[PDB]
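Asks: Encoded as structure tokens, here's the structure I'll be asking about.
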Amino acid sequence: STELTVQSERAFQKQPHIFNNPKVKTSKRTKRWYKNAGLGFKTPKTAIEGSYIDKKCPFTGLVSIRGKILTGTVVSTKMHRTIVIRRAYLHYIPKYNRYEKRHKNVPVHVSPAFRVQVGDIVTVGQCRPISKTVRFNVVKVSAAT
Amino acid sequence: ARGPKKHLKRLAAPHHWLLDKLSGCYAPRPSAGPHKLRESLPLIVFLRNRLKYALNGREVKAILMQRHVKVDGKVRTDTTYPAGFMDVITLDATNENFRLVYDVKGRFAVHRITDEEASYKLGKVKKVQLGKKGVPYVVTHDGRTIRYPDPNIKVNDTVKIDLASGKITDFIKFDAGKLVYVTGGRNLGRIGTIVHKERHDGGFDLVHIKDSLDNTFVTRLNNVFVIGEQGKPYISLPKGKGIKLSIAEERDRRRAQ
Amino acid sequence: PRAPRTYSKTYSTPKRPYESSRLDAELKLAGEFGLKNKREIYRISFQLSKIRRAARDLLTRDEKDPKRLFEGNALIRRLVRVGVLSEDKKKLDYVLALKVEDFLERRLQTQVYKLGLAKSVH
Amino acid sequence: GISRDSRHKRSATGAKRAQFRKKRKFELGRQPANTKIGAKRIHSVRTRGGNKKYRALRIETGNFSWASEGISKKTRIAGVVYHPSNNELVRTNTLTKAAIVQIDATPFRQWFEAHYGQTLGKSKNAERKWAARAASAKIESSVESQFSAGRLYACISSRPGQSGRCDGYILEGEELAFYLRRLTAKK
RNA sequence: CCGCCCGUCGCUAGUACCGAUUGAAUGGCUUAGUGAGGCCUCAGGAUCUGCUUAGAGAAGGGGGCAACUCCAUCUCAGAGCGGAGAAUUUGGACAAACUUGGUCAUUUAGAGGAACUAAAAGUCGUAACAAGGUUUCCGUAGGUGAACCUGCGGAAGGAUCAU
RNA sequence: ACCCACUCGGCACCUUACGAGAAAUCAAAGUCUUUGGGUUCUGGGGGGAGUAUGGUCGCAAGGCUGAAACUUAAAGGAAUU
RNA sequence: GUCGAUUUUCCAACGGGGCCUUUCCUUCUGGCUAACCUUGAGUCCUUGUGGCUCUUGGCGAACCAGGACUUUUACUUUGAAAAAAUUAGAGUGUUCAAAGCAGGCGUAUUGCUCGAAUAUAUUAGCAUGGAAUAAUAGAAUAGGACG
RNA sequence: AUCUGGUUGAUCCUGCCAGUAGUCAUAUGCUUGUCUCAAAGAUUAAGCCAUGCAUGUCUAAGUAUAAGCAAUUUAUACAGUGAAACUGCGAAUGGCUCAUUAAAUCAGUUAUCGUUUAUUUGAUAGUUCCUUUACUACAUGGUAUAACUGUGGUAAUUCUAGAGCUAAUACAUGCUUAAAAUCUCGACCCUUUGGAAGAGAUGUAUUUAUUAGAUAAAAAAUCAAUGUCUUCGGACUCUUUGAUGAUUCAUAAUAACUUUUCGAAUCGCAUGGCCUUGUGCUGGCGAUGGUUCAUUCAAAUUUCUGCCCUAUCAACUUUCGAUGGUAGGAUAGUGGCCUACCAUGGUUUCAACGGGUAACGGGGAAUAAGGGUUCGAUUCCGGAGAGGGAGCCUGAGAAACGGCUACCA
RNA sequence: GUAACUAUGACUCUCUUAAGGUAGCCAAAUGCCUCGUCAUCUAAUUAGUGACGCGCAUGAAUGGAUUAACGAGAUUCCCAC
């Protein structure tokens, strides 16, 4: 989602240990690796038939999703292949027998397989620590118009 | 912490040894071995407390270094050797062959067995994979690994080990109608039969067990141990047979005598 | 450093410590049984206050519930074996009205007195 | 030393965290002893359980794999021409992963001629093999040039600062097309 | 009601503030500059070295012509590396500590200045409580030994629940 | 149109009273130990003190926010003689 | 209804599943279908719609493990793992008690034997049943639904 | 589940002061006969410390000529017991304190398909010579020194200098392989249904590339690589594979690669078996050691949610990483952890950030209607520190302090 | 001149003609004594600064008190040199 350039960066945008053997005659000549994320997350057709790399993708990357699967509204999508989700919840206080609202903004990596805007419900899954803040990857999206 | 700990303070010990609160501030820190520290029972606590064969933890050294107490048919003179579930502590003198299984309440009761029976263990099948040179191996809860199993032995199954040689003999698969020992939940010590289990994907697969009173309780398949099928258990079950009587009826049994 | 050895105190000082009626009552049921101080009575009053809280605890909840049945019968059994209840008062409502006097009628000095060969309980 | 700890480094909200734990061993990071070209030298580092790690300095003669042929020849490296990280690694001629180089190209000529075909860059049992290969395949006008040129383009796959080796990966295909454009763009 | 009670002033003995002093001290962080030390690294090469069968004069240079009945036999031109290897030093990052200002926090000196409370009530009046003898009070403005006084607007908690 | 009688909706009210409040008293100050319709603001003995300090606003006068040390067994509300 | 320990109706109260009244848990491919919606010879048989050696055509609901899509939360039920010590509390004459987790009973010569329970941990996470209270969207330029 | 005294001439209130009870709270004052039990330099000064001690270790099973004691009825190489020293292992546990520390530690609960792990417990290693007719393997070197013997020095320290020796599971090297198959390279003749003499390599580990690691479902014409069976019209039939929700996983195969890791030049006790009497060949129980994979004791990060008082702290972070991307470096490994090159992000009235804490967190503690309030330095768990910062070697494990180095006091 | 007390803010009289220097400020470029006294700056300061004020003989457009910026103005101290 840069967008419209897979040959953007200084290094070659590969898939690692995946070879396009050039002496072989395959009409299409393009081999894209992909996996099942698991837990009944239907890998989008955009990832399988796409042209992007994203090594941090839960389908087309070297990061297996294990842990827990959280959900939240998207707040910010301003930085490259990373969003921020606001996980609104109530915190019950045992003295006043009452609750209070808390944000907990979580930063999440979006693979180009999906498209998100401000105010979409996403379901994210825990993965290896991607960067200093982001721990979760986007696996589902539900844009309610 | 700056390296691994080697002392265990008395209060911080596992409760199911029953280690009196007073008399010494330390407990037997069980050495590394076949079973986990919390789920094990060191030879010190077995010989000195449960059997009362030795007074102190110095007299058990005189018992162990005189090569008597074989844990899985092998001598084993380590005073804090973690002997655990399904191990056959064999005192060659007196001719006693104790298989350490759980008391109904959730402790290791002393359970004397014959020698005909004290020549296998029933290893619960943990991971199975191909090792180097594409050789399939099975690893059991004991830390025993067995190359060339039956290719029908999957995870959660149980496997009779020869324990004289150390080879698989017979194996029991894990599904409905099979007898099960529970291996530490609060349902620790209970013996029932499987009704049906769940398919919780990366979320702890629970199983619904029914005992011999139509009493159904739920436990995790890692605390669940396949012991046999209905009627003929592959080992001798201890007096009680993991029924778990409620406070009233168990007091009525105790007071009838 | 090994482990904390548990101690607990058995007596309890009354709330308002100068009261004609309480002082009268306590000296009387101290002079009857020949006690040494007022803490004897404060202890028996504490023991009965523990039993009464344990009784109300077991009462307020459901009837024919294993917790009420087991703990209730345990207490009644323990009391009828002491002799603070008799044969015909095992209902867990008699226990709630148990009169510290009843416990004080079962001390060894009182029994030595009441079984003769004792000549005045002092 | 060069601690890789997260418990320095200004928390996500913006707060400067108060330092506790006098820097611990297990967050260790070491100096990058950069590897140059020619006059082989290797220094070993003891790392986390003896477990030796070999930091190459001046490493020579990497093991390069022509994947499409399915073979790998021990070759002299000439020089680093382009790197997608810095442009100073090129000038110093330092060897690191994903560093695009020139290798001597002439055990690959010698193999291709001896095994498959006839003079790239232009008994009975050997003639059978050739006549059975029977134009197995050709090269697509991009690797043909570089054998005659004397030195052909490759990309390092081994991490030579840790492995102690500068192996891997002769360029070929759309990868070579890209790295030709990126080379000829600058110089 | 010979009840009550308000301020100035004076005596006392407490607390707080303003205060020139480039105040002072402690602490944290931080600018710019020196920067011990070990570690990585470019070198360096005191010494100690093994085969060097390497030409070596040496005439029991082995129980004596004898490539001695050749010795770690006389003695080095070498030589390679098989090498080990100290000080030394080349840059690197880690970084104490030093100086130098900075900024914030806490602690705290200060000649003087303007207060406030208390304490016997000592001086001066008698402001308030009655229509307290000018009804009281609020906001604001000015004046004055002191209470206070006066203007304007407001309020009854007014001494009028009335035409 | 003004006026008269009955009628509502809203208004500024007023006169008699079972509930409330320490009482004076009241259309809400009732529906409150038989304690919960929604919601904002404020107070915790009397002084020191609406004072000092620090910000903030203002041409200034001042306004907003606003302490503590220390002191004291009462100060105060309503009604009765 | 009986030998001061316990079950039957005449006969209720409490809390429930099936079944349709337009009511539908989305339902498939195999395995499994025990099975009669049926009969392959029928008939062991006091006159019997008394009873099975067993099986054409299809039941599915005994029965998954694969399909594979589910407009989302709070709330509450039950369960899972919740260290021990402490707390509540079961048992036991440490001479009593605070304690302790011991002890108990026989030939007390080779002995045998009960114990070291249970309960709360009302936050968060995990499974589980309910769907009353509270919010969110769904078909409005139909880019709506089903075959 | 309780109150009572105090404003008034008296009264009803608001209200505070005082009384009252308790404190695994502390101090202190008088008094103090017995039994059980038992905290104790935490607040102030994580301020300073004299001195003595707190970490060393031996079996039958590493090295022995102690110039030690054995000393007699196993000894002519050693062999008992038992110093010193080398070697191994430990010294990272324990104990102590609470200064720092306020999304930090911590609790409960997650994840390693993101890694290391001495030791323990399981498995696990015919492939190393290198061209094949007498090159160590019935056994290599000092390319080494301790302890010991002597010759010393400083006033001094757990100072060691020069010389004479001598061992190791120390330190260096360094061979003993069976069978079969698979691959490559070629000593072979005939225009074919076209096929081989031999030589070498193929253990494990490293590193990199390449391939395999399968799959909801029945039929079909056709051209070629057409190799056997042609039962000479034409038939070929059966063609294999583990685990997870999920992996580039386990695992295997091709090409290689490496200053080529490992494979037992080790020790104790019995001393048996067959005769070809060599004074052979074969052989048990043990002990260490050893490579990889499991296991265990661990570790390191790690998900979610929860911390006391302040607005007289409303904006904070970004040259000097702040948020993300690409690549690299480094790490045991993940990661702005660090570097380079890019984009301008990220937190916040649901209280960010700043300040305070006489704040280490928790299990818990005191009080007791219910609801709570206050506390927890302190017998267990975790975190931190060893006068203050920083650095680092040794090791599986330390940024160790009863280890070293430097600076400040 | 008297007066709480120990230095006096209440009384009383007579006014230099008309008024008695108010708000302010100062040993000031205006203070004789004077090198005033107290603090501060220095080891030491007739200097400097900040205060004190019965001020020989300060003072309100003969303007008084402040005052940013400016000054080849007069003066003091500090760092660099």
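Note on naming: chains are A, B, ... as they come in the structure tokens, residues start from 1 per chain, ligands start from 1 in the order shown.
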Excluding residue 77 of chain B and any residue of its chain fewer than 2 positions from it, enumerate the residues within 12 Å of it, using only C-alpha atoms (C1' of nucleotides), and give them as an MDAnalysis selection string.
Replies: chainID B and resid 31 42:44 60:71 74:75 79:83
Asks: Only C-alpha atoms, please: the residues just picked out, written as a short mmCIF file (atom, residue, chain, number, x, y, z; two decimals), in the first residue's frame.
Replies:
```cif
data_model
loop_
_atom_site.label_atom_id
_atom_site.label_comp_id
_atom_site.auth_asym_id
_atom_site.auth_seq_id
_atom_site.Cartn_x
_atom_site.Cartn_y
_atom_site.Cartn_z
CA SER B 31 17.62 -33.39 41.32
CA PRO B 42 12.21 -37.79 45.73
CA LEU B 43 13.57 -41.16 47.10
CA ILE B 44 14.39 -39.37 50.46
CA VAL B 60 18.44 -43.09 53.48
CA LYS B 61 22.02 -42.56 52.10
CA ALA B 62 23.08 -45.81 53.93
CA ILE B 63 19.99 -47.46 52.23
CA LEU B 64 20.65 -45.98 48.70
CA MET B 65 24.50 -46.41 48.40
CA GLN B 66 23.90 -50.09 49.43
CA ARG B 67 22.45 -50.74 45.95
CA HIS B 68 18.85 -51.77 46.98
CA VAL B 69 16.30 -49.17 45.72
CA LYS B 70 15.94 -49.62 41.89
CA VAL B 71 13.48 -46.99 40.44
CA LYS B 74 18.30 -49.53 37.60
CA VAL B 75 20.18 -48.89 40.90
CA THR B 79 18.99 -39.18 47.45
CA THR B 80 16.80 -36.52 45.67
CA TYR B 81 16.22 -38.57 42.43
CA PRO B 82 12.82 -37.41 41.05
CA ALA B 83 10.90 -40.74 41.03
#
```
Asks: Can you list, as a PDB file with N, CA, C and O atoms (P, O5', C5', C4', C3', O3' and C1' of nucleotides), in the first residue's frame, every protein, DNA or RNA residue that comes within 10 Å of residue 89 of chain D when you count only C-alpha atoms (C1' of nucleotides), leaving out same-chain residues fewer than 3 positions away?
Replies:
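The resulting file, out-v2.pdb, is reproduced below:
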```
ATOM      1  N   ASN D  34      34.170  -5.648  10.779  1.00  0.00           N
ATOM      2  CA  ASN D  34      33.810  -5.646   9.334  1.00  0.00           C
ATOM      3  C   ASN D  34      34.837  -6.468   8.551  1.00  0.00           C
ATOM      4  O   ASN D  34      36.047  -6.310   8.813  1.00  0.00           O
ATOM      5  N   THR D  35      34.358  -7.305   7.624  1.00  0.00           N
ATOM      6  CA  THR D  35      35.175  -8.200   6.764  1.00  0.00           C
ATOM      7  C   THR D  35      35.472  -7.498   5.435  1.00  0.00           C
ATOM      8  O   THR D  35      34.500  -7.126   4.756  1.00  0.00           O
ATOM      9  N   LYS D  36      36.754  -7.334   5.087  1.00  0.00           N
ATOM     10  CA  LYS D  36      37.225  -6.788   3.782  1.00  0.00           C
ATOM     11  C   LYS D  36      37.531  -7.960   2.836  1.00  0.00           C
ATOM     12  O   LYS D  36      37.304  -9.119   3.244  1.00  0.00           O
ATOM     13  N   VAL D  80      33.215  -5.598  -4.320  1.00  0.00           N
ATOM     14  CA  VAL D  80      31.781  -5.260  -4.072  1.00  0.00           C
ATOM     15  C   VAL D  80      31.444  -4.046  -4.945  1.00  0.00           C
ATOM     16  O   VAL D  80      32.228  -3.077  -4.905  1.00  0.00           O
ATOM     17  N   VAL D  81      30.339  -4.098  -5.697  1.00  0.00           N
ATOM     18  CA  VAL D  81      29.968  -3.063  -6.714  1.00  0.00           C
ATOM     19  C   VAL D  81      28.750  -2.254  -6.237  1.00  0.00           C
ATOM     20  O   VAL D  81      28.733  -1.033  -6.501  1.00  0.00           O
ATOM     21  N   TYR D  82      27.771  -2.893  -5.583  1.00  0.00           N
ATOM     22  CA  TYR D  82      26.548  -2.241  -5.039  1.00  0.00           C
ATOM     23  C   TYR D  82      26.088  -2.962  -3.766  1.00  0.00           C
ATOM     24  O   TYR D  82      26.245  -4.194  -3.679  1.00  0.00           O
ATOM     25  N   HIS D  83      25.549  -2.198  -2.808  1.00  0.00           N
ATOM     26  CA  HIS D  83      24.939  -2.685  -1.541  1.00  0.00           C
ATOM     27  C   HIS D  83      23.690  -1.856  -1.244  1.00  0.00           C
ATOM     28  O   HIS D  83      23.768  -0.629  -1.210  1.00  0.00           O
ATOM     29  N   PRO D  84      22.505  -2.477  -1.027  1.00  0.00           N
ATOM     30  CA  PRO D  84      21.292  -1.728  -0.676  1.00  0.00           C
ATOM     31  C   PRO D  84      21.162  -1.125   0.736  1.00  0.00           C
ATOM     32  O   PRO D  84      20.075  -0.662   1.047  1.00  0.00           O
ATOM     33  N   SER D  85      22.236  -1.094   1.534  1.00  0.00           N
ATOM     34  CA  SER D  85      22.236  -0.619   2.945  1.00  0.00           C
ATOM     35  C   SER D  85      22.987   0.718   3.024  1.00  0.00           C
ATOM     36  O   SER D  85      22.327   1.746   3.278  1.00  0.00           O
ATOM     37  N   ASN D  86      24.308   0.693   2.809  1.00  0.00           N
ATOM     38  CA  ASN D  86      25.190   1.889   2.686  1.00  0.00           C
ATOM     39  C   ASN D  86      25.801   1.896   1.282  1.00  0.00           C
ATOM     40  O   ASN D  86      25.652   0.883   0.569  1.00  0.00           O
ATOM     41  N   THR D  92      34.844   0.686   0.750  1.00  0.00           N
ATOM     42  CA  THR D  92      35.750  -0.068   1.661  1.00  0.00           C
ATOM     43  C   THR D  92      35.922  -1.512   1.161  1.00  0.00           C
ATOM     44  O   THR D  92      36.921  -2.149   1.564  1.00  0.00           O
ATOM     45  N   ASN D  93      34.991  -2.004   0.330  1.00  0.00           N
ATOM     46  CA  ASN D  93      34.945  -3.388  -0.220  1.00  0.00           C
ATOM     47  C   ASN D  93      34.737  -4.359   0.953  1.00  0.00           C
ATOM     48  O   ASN D  93      35.516  -5.327   1.075  1.00  0.00           O
ATOM     49  N   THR D  94      33.722  -4.095   1.786  1.00  0.00           N
ATOM     50  CA  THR D  94      33.369  -4.909   2.981  1.00  0.00           C
ATOM     51  C   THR D  94      32.310  -5.947   2.602  1.00  0.00           C
ATOM     52  O   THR D  94      31.368  -5.591   1.861  1.00  0.00           O
ATOM     53  N   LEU D  95      32.458  -7.170   3.121  1.00  0.00           N
ATOM     54  CA  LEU D  95      31.588  -8.334   2.814  1.00  0.00           C
ATOM     55  C   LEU D  95      30.585  -8.533   3.954  1.00  0.00           C
ATOM     56  O   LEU D  95      31.014  -8.691   5.113  1.00  0.00           O
ATOM     57  N   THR D  96      29.299  -8.483   3.603  1.00  0.00           N
ATOM     58  CA  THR D  96      28.119  -8.673   4.485  1.00  0.00           C
ATOM     59  C   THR D  96      27.018  -9.327   3.645  1.00  0.00           C
ATOM     60  O   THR D  96      27.181  -9.367   2.411  1.00  0.00           O
ATOM     61  N   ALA D  99      25.197  -8.218  -0.143  1.00  0.00           N
ATOM     62  CA  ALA D  99      26.224  -7.358  -0.776  1.00  0.00           C
ATOM     63  C   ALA D  99      26.567  -7.936  -2.153  1.00  0.00           C
ATOM     64  O   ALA D  99      27.045  -9.088  -2.204  1.00  0.00           O
TER      65      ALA D  99
ATOM     66  P     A H 340      24.180   5.999  11.014  1.00  0.00           P
ATOM     67  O5'   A H 340      23.811   5.661   9.502  1.00  0.00           O
ATOM     68  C5'   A H 340      24.847   5.478   8.519  1.00  0.00           C
ATOM     69  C4'   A H 340      24.285   4.862   7.259  1.00  0.00           C
ATOM     70  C3'   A H 340      23.115   5.592   6.610  1.00  0.00           C
ATOM     71  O3'   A H 340      23.567   6.712   5.850  1.00  0.00           O
ATOM     72  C1'   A H 340      22.659   3.270   6.688  1.00  0.00           C
TER      73        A H 340
END
```
Asks: Set the cut-off to 9 Å and count only C-alpha atoms (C1' of nucleotides): what are the residues of chain A that reach chain H? Output as a ChimeraX atom specification.
Replies: /A:8-11,13,16-19,35-40,62-68,78-82,91,95,100-103,126-133,135
Asks: If you run DSSP over the backbone, which residues in segment 97-255 of chain B end up helix (DSSP H, G or I)? Put them as a ChimeraX atom specification.
Replies: /B:247-255
Asks: Please identify all polymer residues within 9 Å of residue 119 of chain G, counting only C-alpha atoms (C1' of nucleotides), omitting same-chain residues fewer than 4 positions from it, and present them as a list in words.
Replies: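 Result of the neighbour search: residues 67 of chain C; 88 and 89 of chain G.
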Asks: Generate the output file for the selected residues, N, CA and C atoms (P, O5', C5', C4', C3', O3' and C1' of nucleotides), as a PDB file, in the first residue's frame.
Replies:
```
ATOM      1  N   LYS C  67     -22.533 -28.265  53.072  1.00  0.00           N
ATOM      2  CA  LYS C  67     -21.723 -27.330  53.901  1.00  0.00           C
ATOM      3  C   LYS C  67     -22.396 -27.152  55.271  1.00  0.00           C
TER       4      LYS C  67
ATOM      5  P     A G  88      -9.522 -18.002  61.374  1.00  0.00           P
ATOM      6  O5'   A G  88     -10.683 -18.752  60.578  1.00  0.00           O
ATOM      7  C5'   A G  88     -11.912 -18.067  60.259  1.00  0.00           C
ATOM      8  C4'   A G  88     -12.772 -18.884  59.320  1.00  0.00           C
ATOM      9  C3'   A G  88     -13.169 -20.279  59.792  1.00  0.00           C
ATOM     10  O3'   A G  88     -14.250 -20.274  60.723  1.00  0.00           O
ATOM     11  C1'   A G  88     -12.470 -20.380  57.537  1.00  0.00           C
ATOM     12  P     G G  89     -14.248 -21.286  61.974  1.00  0.00           P
ATOM     13  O5'   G G  89     -14.197 -22.723  61.286  1.00  0.00           O
ATOM     14  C5'   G G  89     -15.283 -23.222  60.478  1.00  0.00           C
ATOM     15  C4'   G G  89     -14.862 -24.469  59.725  1.00  0.00           C
ATOM     16  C3'   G G  89     -14.351 -25.621  60.573  1.00  0.00           C
ATOM     17  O3'   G G  89     -15.400 -26.369  61.181  1.00  0.00           O
ATOM     18  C1'   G G  89     -12.870 -25.286  58.770  1.00  0.00           C
TER      19        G G  89
END
```
